[PDB]
Amino acid sequence: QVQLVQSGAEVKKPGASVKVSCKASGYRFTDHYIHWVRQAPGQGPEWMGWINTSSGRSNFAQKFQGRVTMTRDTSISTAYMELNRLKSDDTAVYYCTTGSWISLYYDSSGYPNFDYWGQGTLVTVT
Amino acid sequence: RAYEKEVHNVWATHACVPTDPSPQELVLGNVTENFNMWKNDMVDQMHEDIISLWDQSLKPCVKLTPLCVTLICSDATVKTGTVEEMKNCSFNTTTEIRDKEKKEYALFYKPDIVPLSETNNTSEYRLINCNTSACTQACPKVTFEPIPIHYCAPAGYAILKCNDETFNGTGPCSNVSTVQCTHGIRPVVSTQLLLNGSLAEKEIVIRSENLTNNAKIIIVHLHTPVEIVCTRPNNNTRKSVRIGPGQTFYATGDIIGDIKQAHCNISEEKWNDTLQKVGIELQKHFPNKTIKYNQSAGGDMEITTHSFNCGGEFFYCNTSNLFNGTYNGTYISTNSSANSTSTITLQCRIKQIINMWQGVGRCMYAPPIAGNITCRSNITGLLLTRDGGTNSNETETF
Amino acid sequence: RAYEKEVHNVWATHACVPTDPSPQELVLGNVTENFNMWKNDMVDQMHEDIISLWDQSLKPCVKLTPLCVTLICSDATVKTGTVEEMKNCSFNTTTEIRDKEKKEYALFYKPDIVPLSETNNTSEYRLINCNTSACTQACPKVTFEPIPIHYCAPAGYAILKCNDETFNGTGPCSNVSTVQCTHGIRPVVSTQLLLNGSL
Amino acid sequence: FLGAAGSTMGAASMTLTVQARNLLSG
Amino acid sequence: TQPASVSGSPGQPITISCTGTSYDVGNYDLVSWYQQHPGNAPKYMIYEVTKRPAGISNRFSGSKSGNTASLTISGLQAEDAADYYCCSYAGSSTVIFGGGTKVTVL
Amino acid sequence: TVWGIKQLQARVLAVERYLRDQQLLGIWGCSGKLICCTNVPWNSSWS
Amino acid sequence: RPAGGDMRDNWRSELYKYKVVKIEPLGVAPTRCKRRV
Ligand SMILES: *[C@@H]1O[C@H](CO)[C@@H](O[C@@H]2O[C@H](CO)[C@@H](O[C@@H]3O[C@H](CO[C@H]4O[C@H](CO)[C@@H](O)[C@H](O)[C@@H]4O)[C@@H](O)[C@H](O[C@H]4O[C@H](CO)[C@@H](O)[C@H](O)[C@@H]4O[C@H]4O[C@H](CO)[C@@H](O)[C@H](O)[C@@H]4O[C@H]4O[C@H](CO)[C@@H](O)[C@H](O)[C@@H]4O)[C@@H]3O)[C@H](O)[C@H]2NC(C)=O)[C@H](O)[C@H]1NC(C)=O
Ligand SMILES: *[C@@H]1O[C@H](CO)[C@@H](O[C@@H]2O[C@H](CO)[C@@H](O[C@@H]3O[C@H](CO[C@H]4O[C@H](CO)[C@@H](O)[C@H](O)[C@@H]4O)[C@@H](O)[C@H](O[C@H]4O[C@H](CO)[C@@H](O)[C@H](O)[C@@H]4O)[C@@H]3O)[C@H](O)[C@H]2NC(C)=O)[C@H](O)[C@H]1NC(C)=O
Ligand SMILES: *[C@@H]1O[C@H](CO)[C@@H](O[C@@H]2O[C@H](CO)[C@@H](O[C@@H]3O[C@H](CO)[C@@H](O)[C@H](O[C@H]4O[C@H](CO)[C@@H](O)[C@H](O)[C@@H]4O)[C@@H]3O)[C@H](O)[C@H]2NC(C)=O)[C@H](O)[C@H]1NC(C)=O
Ligand SMILES: *[C@@H]1O[C@H](CO)[C@@H](O[C@@H]2O[C@H](CO)[C@@H](O[C@@H]3O[C@H](CO)[C@@H](O)[C@H](O)[C@H]3NC(C)=O)[C@H](O)[C@H]2NC(C)=O)[C@H](O)[C@H]1NC(C)=O
Ligand SMILES: *[C@@H]1O[C@H](CO)[C@@H](O[C@@H]2O[C@H](CO)[C@@H](O[C@@H]3O[C@H](CO)[C@@H](O)[C@H](O)[C@@H]3O)[C@H](O)[C@H]2NC(C)=O)[C@H](O)[C@H]1NC(C)=O
Ligand SMILES: *[C@@H]1O[C@H](CO)[C@@H](O[C@@H]2O[C@H](CO)[C@@H](O[C@@H]3O[C@H](CO)[C@@H](O)[C@H](O)[C@@H]3O)[C@H](O)[C@H]2NC(C)=O)[C@H](O)[C@H]1NC(C)=O
Ligand SMILES: *[C@@H]1O[C@H](CO)[C@@H](O[C@@H]2O[C@H](CO)[C@@H](O[C@@H]3O[C@H](CO)[C@@H](O)[C@H](O)[C@@H]3O)[C@H](O)[C@H]2NC(C)=O)[C@H](O)[C@H]1NC(C)=O
Ligand SMILES: *[C@@H]1O[C@H](CO)[C@@H](O[C@@H]2O[C@H](CO)[C@@H](O[C@@H]3O[C@H](CO)[C@@H](O)[C@H](O)[C@@H]3O)[C@H](O)[C@H]2NC(C)=O)[C@H](O)[C@H]1NC(C)=O
Ligand SMILES: *[C@@H]1O[C@H](CO)[C@@H](O[C@@H]2O[C@H](CO)[C@@H](O[C@@H]3O[C@H](CO)[C@@H](O)[C@H](O)[C@@H]3O)[C@H](O)[C@H]2NC(C)=O)[C@H](O)[C@H]1NC(C)=O
Ligand SMILES: *[C@@H]1O[C@H](CO)[C@@H](O[C@@H]2O[C@H](CO)[C@@H](O)[C@H](O)[C@H]2NC(C)=O)[C@H](O)[C@H]1NC(C)=O
Ligand SMILES: *[C@@H]1O[C@H](CO)[C@@H](O[C@@H]2O[C@H](CO)[C@@H](O)[C@H](O)[C@H]2NC(C)=O)[C@H](O)[C@H]1NC(C)=O
Ligand SMILES: *[C@@H]1O[C@H](CO)[C@@H](O[C@@H]2O[C@H](CO)[C@@H](O)[C@H](O)[C@H]2NC(C)=O)[C@H](O)[C@H]1NC(C)=O
Ligand SMILES: *[C@@H]1O[C@H](CO)[C@@H](O[C@@H]2O[C@H](CO)[C@@H](O)[C@H](O)[C@H]2NC(C)=O)[C@H](O)[C@H]1NC(C)=O
Ligand SMILES: *[C@@H]1O[C@H](CO)[C@@H](O[C@@H]2O[C@H](CO)[C@@H](O)[C@H](O)[C@H]2NC(C)=O)[C@H](O)[C@H]1NC(C)=O
Ligand SMILES: *[C@@H]1O[C@H](CO)[C@@H](O[C@@H]2O[C@H](CO)[C@@H](O)[C@H](O)[C@H]2NC(C)=O)[C@H](O)[C@H]1NC(C)=O
Ligand SMILES: *[C@@H]1O[C@H](CO)[C@@H](O)[C@H](O)[C@H]1NC(C)=O
Ligand SMILES: *[C@@H]1O[C@H](CO)[C@@H](O)[C@H](O)[C@H]1NC(C)=O
């Protein structure tokens, strides 16, 4: 069994900042990449980027550049999302996903194998 | 055959005379002749021609004299290991106008750059070659593919070659045939391994000038090739920097995606079987002495590591664990019992600035290549030396 | 001809073999031959020769690398006679000593110079070549007179020419004559008009 | 070419001319 | 880049299509399919171009033709009435989604 | 030096082209004269 | 309209007459003439 505990619901004003935790469970956290998926209500998925849990290397979507930062630590097996200067459209359900296995010899960070999913969390912008 | 839209191979093989007919089958019969390939003149002509081709190909390209300035450098990778060789640097280039200096940035490899003198662990950096000589980058149209070359004697001369399959480089050949031109030998630049070479016909051949003198270099000609994969996985980008009037400089601009280690892959079972048969052929030349395969002696990065190129980029691979293990007995590894897929993986590093032929030639800055590089090769031979220690009464080391 | 007075003609015609005697005007007779002046090899050879001689004559002359600097310019022909085309400019030359820079002025033509980019429509100017490649000035001893040139085949080869007074340029010629060397064609550099050619 | 290099001098009297045929070819 | 809705009786098979460019679909087989019931997290359906994960039934299968791909649902039931999504590596370490399809089981 | 290179090439080519057929006539043994009697029968396929 | 740019189009106007050939001074013919032996 593997499961990702996302943080609670965030309700705040436009222009603020949101940090969301994702505590991994059931596996050694260094083994797999971590991706995150947004989902606007009445709308499908929305990809932001990914983070290498082994080294903190991260990548983004082009419209999420600068506003987002990702951090992690394998000492407690969690990763922290941080979105800055929120807008009205940023009210969404947020999902922590386990990516593919991290290798040493090939770039598998772009693999769209989101094997397991977190429970989701709600970010609401008043 | 090598005639196409591209003529700028570095070996300039387009200017050679096309060999129209079939190769000659001119076997003589009843002819015995002594041979000495350690005293052959043609190898020195080959080395001089390769050096001259390198100079005449690198002559009209762009120089890097204005680039050798003070470099302010910092960390580029977010990691702390494996692929930490990336560094970021900034400097002052000269634009088209002489009076307009422009701040500029570039990425580099850690073996290329050197921390500046009397540094207080600062950001001050320079190039490796700036206190040795000048340097020139390669022109981007230049292709380094080893097109085969046939040497031909002039009319009135002749070429005699051996046909005896066990001819170890010295001694008279019972089977000698003449030919107008040599076969398609390749100018493959490599060290510590032979790549894409001509295979041995039936038996693994050991050639050494004296075989007891450790100063002589043992050439090992393998009967069957060992297939080797080498690649640099991470996505590199090429940027351009204007330097001076009407000439450009190319450099590594960015890396896309998670950086992964440049490496090589060798089928471990076939490599061990090849080393086992080489140990057989060596222990029949050295009776009652177990041999050992050990890493090379310490020294320079260009000397210790196995160096080659595929594509326009240059590779230096560690190969310490490649040469490992002792062969005693008679066929002790027994090949395999199951269908093993074990692959030994060698980590590799990449240099941009190379002083190839130990400074006899010239400096080159190899331009980076966008995308990724993958290359496949055949190992056909080994370059070995006899580490003749005092305690090698039964355990010899090569 | 007596080219020892000035051997520095740009087409290097002093080094050629002197055609001492009369040419070989041997007309053959009863000979028909097909000709193609769009597939002729000689024109590409002599185009390459003109390019090579241009590079060879231009090689030892003086370079203009230090000239490519910032130019501050002004209207030198405000009193225009509907020609103008003449800009005064000033710059910083380098003297014999490296550390001694010297303010200098020169006149230029408007097609030669370009207003320097990233300006506020000011007097910042540069040369046309400076973002393309360097240039070298011509040596003042070099004379650009189109001296005529005869081409000669090597011994054992031959040159056949069409004697027909109304030749299309391609096809068979009824009247063909051999010759050792071609007549005195001129290497005149021109476009859109042929100057002093063979009539 | 050199088709009777190992034969006697009597045999080479048939071959020798083609050796001269390769003295300037190419 | 996905058809909005699809319908089908229980028991009969259907297909869900996705069409992209050469960069995201044509170059690589790294295409995945997911499903999502309303009020639920998205669910792991197809990972390779054809390969099914363990625990996933033989209801679904993957396919690819040139510039497009398709999830063939072999047979139908009411539980397959959830929304379906396709996802793909889009080059330069970018991951995109097709957009969605509402399955309307009759 | 371009014209000198071309003159050298021309003289070398002329020497080779003169020596080639002289070598062929020396092979056929009828060298030194312009008309050769051959003692080879003319084949009917050529006739 | 006037045109130009390729300078060999100038030079093709002057080299239209000339053509280069190679002399091959050996010929083969039958005469019913036997060599003396
Ligand atoms: C040069 O040589 C080097 C060295 O040889 C090469 O480097 C090696 O390259 C290998 C490439 O295949 C790579 O292998 C990977 O290893 C991963 C980890 O391996 C460990 O786990 C597996 C399984 O437990 C063990 O068998 C193994 O011995 C190790 O212990 C594997 O996880 C990888 O397999 C997965 O990825 C590929 C690619 O996507 C899939 O095709 C494959 O099916 C596997 O996918 C499963 O796992 C992923 C990740 O979780 C899921 O997304 C996916 O859906 C699959 O899920 C499984 O599990 C779910 C659970 O619900 C189930 O539903 C489903 O049905 C599946 O069962 C891959 O095999 C080596 O690690 C790597 N390094 C070394 C040191 O060997 C290098 O490539 C060479 N380079 C060149 C240029 O030649
Ligand atoms: C031992 O011998 C092997 C066998 O030849 C050599 O391996 C070759 O190495 C060269 C250079 O590393 C390879 O050439 C490059 O291949 C790339 C991939 O080619 C494949 O894909 C293209 C596109 O689909 C096909 O057209 C092609 O046929 C292959 O299927 C190309 O992308 C490269 O082209 C780029 O570079 C060249 C030169 O830089 C440019 O002119 C091009 O425009 C383009 O930018 C390039 O052609 C070759 O594929 C390898 N062959 C094999 C079989 O692996 C080893 O290099 C040699 N050992 C040593 C030490 O040299
Ligand atoms: C293009 O622009 C250049 C740049 O200005 C210009 O060169 C200038 O030319 C003028 C004359 O042609 C020079 O003026 C002279 O300068 C000398 C030394 O500086 C002075 O001694 C001269 O007389 C002064 O002194 C006298 C005695 O005190 C006074 O009676 C008199 O009124 C003067 O004050 C004279 O001014 C000038 O120095 C140069 N400048 C440079 C930078 O070279 C050039 O002429 C322009 N070309 C055209 C065609 O207009
Ligand atoms: C490294 O060694 C490999 C084998 O150890 C070589 O692979 C073999 O190369 C042969 C020649 O290149 C191939 O033979 C050709 O096969 C094709 C298809 O079967 C035929 O159309 C050709 O006629 C045939 N040519 C000849 C001369 O035989 C072999 O098929 C091929 N594979 C095997 C298993 O033997 C590599 O060529 C060699 N070099 C490199 C650079 O990899
Ligand atoms: C290596 O170091 C250089 C030097 O800092 C980095 O170049 C810098 O890159 C950033 C963005 O990549 C530039 O920021 C941008 O600046 C422009 C204005 O110049 C602004 O409009 C943008 O919004 C953005 O802020 C920065 O200017 C640039 N600095 C220089 C001197 O070029 C380079 O990115 C580093 N390489 C890596 C891989 O990090
Ligand atoms: C040009 O500059 C380079 C960079 O400093 C010089 O190379 C340096 O040479 C010294 C002397 O051999 C090297 O020191 C050696 O270090 C090893 C340990 O690494 C030690 O065991 C030796 O006893 C010796 O102290 C130094 O490592 C080396 N640096 C690099 C980066 O290669 C070079 O000598 C200079 N050349 C000239 C002509 O000035
Ligand atoms: C091939 O290798 C063998 C041995 O590895 C060489 O034989 C060695 O030749 C040297 C010089 O001729 C000998 O050195 C001399 O030894 C005598 C006493 O034996 C000493 O008094 C002299 O001052 C001198 O050092 C050496 O002994 C000899 N070793 C053996 C085992 O025979 C041989 O010369 C090498 N040949 C070639 C062509 O490299
Ligand atoms: C850049 O990296 C990619 C990813 O490693 C390289 O793609 C891989 O190239 C090898 C070439 O041998 C492919 O192996 C062969 O694939 C064909 C089908 O494409 C298969 O029939 C053969 O049996 C063999 O497995 C490998 O599949 C392919 N991987 C992917 C994901 O496309 C690529 O070659 C590298 N490009 C450069 C220019 O370095
Ligand atoms: C390795 O890096 C290169 C350089 O960026 C990557 O190539 C780039 O791939 C992207 C696709 O992710 C291309 O974007 C596409 O461009 C076309 C036409 O410009 C446009 O119509 C599409 O909508 C999309 O934006 C980009 O052009 C392309 N750049 C170059 C120079 O080829 C490459 O994908 C990277 N390798 C991997 C495996 O991702
Ligand atoms: C001497 O060498 C020649 C050529 O290296 C050998 O001729 C070849 O013989 C093999 C079989 O032995 C044939 O399959 C080849 O076709 C031959 N080559 C040619 C070009 O026809 C010859 O057999 C060798 N002789 C000895 C005694 O070793
Ligand atoms: C590149 O040149 C700039 C100036 O063009 C240098 O910036 C100066 O550095 C000195 C030394 O610290 C300062 O005193 C000046 O204030 C800086 N600015 C100017 C406008 O002169 C810079 O150091 C050079 N090197 C790099 C790597 O940027
Ligand atoms: C490979 O060669 C090196 C040569 O230095 C060996 O290292 C020596 O090993 C002996 C073993 O008794 C030690 O006494 C020396 O002190 C070692 N020297 C150094 C510098 O470390 C190494 O053991 C050899 N490895 C194999 C596998 O043969
Ligand atoms: C040569 O191979 C042997 C056999 O694998 C290596 O010995 C192993 O080394 C690793 C790490 O050094 C240990 O975890 C194993 O326990 C060792 N096994 C045994 C049987 O000793 C040895 O390190 C290799 N040497 C080189 C230079 O590659
Ligand atoms: C040529 O060099 C001189 C200096 O020898 C430049 O004159 C300086 O210009 C700067 C920028 O406006 C001023 O701050 C200085 O006060 C000027 N004088 C000195 C003595 O430095 C001049 O700009 C350069 N260019 C031209 C076209 O004259
Ligand atoms: C064929 O060409 C030759 C030479 O081009 C012609 O010979 C010239 O004839 C004119 C008069 O017709 C004389 O004035 C010239 O002196 C002749 N040339 C020389 C070198 O003597 C010849 O007439 C032409 N014949 C035809 C039928 O066109
Ligand atoms: C093999 O090489 C050794 C040393 O180079 C030499 O002594 C020996 O004679 C060679 N074998 C033959 C058959 O010539
Ligand atoms: C690999 O080769 C070495 C000899 O170099 C030998 O000692 C070792 O046993 C071999 N490995 C296997 C698995 O047989």
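See above for the structure.
Asker: What am I meant to see in the side chain of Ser108(A) here?
Answerer: Residues and elements named next belong to chain A. Mapped onto the secondary structure, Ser-108 falls in the loop between β9 (92-101) and β10 (121-125). With a relative accessible area of 1%, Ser-108 lands in the buried category. A distance of 3.1 Å separates a polar atom in the side chain of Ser-108 from the backbone oxygen of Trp-101. In contact with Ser-108, not counting residues within four places along its chain, are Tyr-33, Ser-100, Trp-101 and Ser-103.

Asker: What is the right way to look at the packing of aromatic side chains in this model?
Answerer: What characterises a pair of aromatic rings is the spacing of the ring centres plus the angle enclosed by the ring planes. Tallying each qualifying case throughout the model produces 20 aromatic pairs over all chains. Their ring planes at 80° and their centres at 6.1 Å tell us that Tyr33(A) and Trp50(A) sit as a pair that is edge-to-face. Placement of the pair is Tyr33(A) in strand β4 (residues 32-39) and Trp50(A) in strand β5 (residues 45-51), with a sequence separation of 17 residues. You'll find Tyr33(A) and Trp50(A) in the same group, each marked buried. Taking 5.9 Å as the distance between ring centres and 70° as the angle between the ring planes, the aromatic pair formed by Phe35(B) and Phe167(B) counts as edge-to-face. Within this pair, whereas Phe35(B) is found in strand β1 (residues 33-36), its partner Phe167(B) is found in the loop between β8 (159-162) and β9 (170-173), the two being separated by 132 residues in sequence. You can call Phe35(B) partly exposed: its relative accessible area is 21%. The residue whose ring lies beneath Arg17(F) is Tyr157(C), and the NZ or CZ to ring-centre distance is 5.6 Å.

Asker: I'm lost on the interface of chain G and chain C in this one. Help?
Answerer: Buried accessible area, meaning the area lost when the parts come together, often serves as the stated size of an interface. If you look at the interface, chain G gives 20 residues, while chain C gives 33 residues. Taken together, both faces of the contact between chain G and chain C bury some 2800 Å²; the carbon and sulfur share is 63%. Applying the counting criterion to the chain G and chain C interface returns one salt bridge. Taking the shortest distance from any N to any O, the salt bridge between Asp44(C) and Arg8(G) comes out at 3.1 Å. One can count nine residue pairs in polar contact joining chain G with chain C. Elements that contribute at least two residues to the side of chain G that touches chain C include exactly α1 (8-11) and β1 (18-22) of chain G. A total of five residues in the side of chain G that touches chain C trace back to one element, the largest contributor, which is β1(G).

Asker: Explain the pairing of strand β1 (residues 5-8) of chain E here, please?
Answerer: The two faces of a sheet get side chains in turn, since along a regular strand they alternate between them. Residues and elements named next belong to chain E. Residues of β1 alternate between two faces, with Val-6 and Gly-8 buried on one and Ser-5 and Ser-7 left unburied on the opposite face. Here β1 pairs with strand β9 (residues 101-105) via four bridges, running parallel. Paired with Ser-7 across the two strands is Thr-104, which belongs to β9.

Asker: Before we go on, may I ask you to explain the site of ligand 17 in this structure?
Answerer: All names here are of chain B. Near ligand 17, the surroundings consist of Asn-272, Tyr-293, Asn-324, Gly-325, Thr-326 and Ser-333. A distance of 2.8 Å is found between an oxygen atom of ligand 17 and a backbone nitrogen or oxygen belonging to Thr-326. Note that an oxygen atom of ligand 17 is positioned 2.9 Å from one of the side-chain N or O atoms of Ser-333. Calculation on ligand 17 without its partners gives an accessible area of 360 Å², and the protein chains cover 59% of this total. Its residues placed into classes, the shell around ligand 17 shows one nonpolar, five polar and no charged.

Asker: What is the right way to read the state of the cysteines from this model?
Answerer: Two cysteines, two sulfur atoms, one covalent bond between them: this is a disulfide. Residue and element names in this part refer to chain B. Using the criterion set out here, one finds 17 disulfides over all chains in the structure. Note on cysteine connectivity: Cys-230 is disulfide-linked to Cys-264, with sulfurs 2.0 Å apart. Residues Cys-230 and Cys-264 are joined by a disulfide whose S-S torsion is about 115°; by sign, that bridge is right-handed. Of this pair, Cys-230 sits in strand β13 (residues 218-242) while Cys-264 sits in strand β15 (residues 263-267), and the two are 34 residues apart along the sequence. The burial state of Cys-230 is the same as that of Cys-264; both residues are buried.

Rules used throughout
- Residues numbered from 1 in each chain as written, not as in the entry; some residues may be left out.
- Chains lettered and ligands numbered in written order.
- Part of a larger assembly, values for the part shown.
- Heavy atoms only, no water.
- Helix = DSSP H or I, 4+ residues; strand = E, 2+ residues; numbered from the N terminus.
- Buried < 20%, exposed > 50% of the residue type's maximum accessible area, 1.4 Å probe, protein only.
- Polar contact = N/O pair within 3.5 Å; in protein donor to acceptor, adjacent residues only side chain to side chain.
- Contact = heavy atoms within 4.5 Å.
- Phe/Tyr/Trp six-rings, centres within 6.5 Å; stacked < 30°, edge-to-face > 60°.
- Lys NZ or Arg CZ within 6 Å of the ring centre and 35° of its normal.
- Buried area = accessible area lost by both parts, 1.4 Å probe.
- Salt bridge = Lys/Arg side-chain N within 4 Å of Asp/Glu carboxyl O.
- Pairing = 2+ DSSP bridges.
- Near = heavy atom within 4 Å.
- Areas by Shrake-Rupley, 256 points an atom, 1.4 Å probe, with all protein chains shown as cover.
- Nonpolar A, V, L, I, M, F, W, Y, C, P; charged D, E, K, R; others polar.
- Disulfide = S-S within 2.5 Å.

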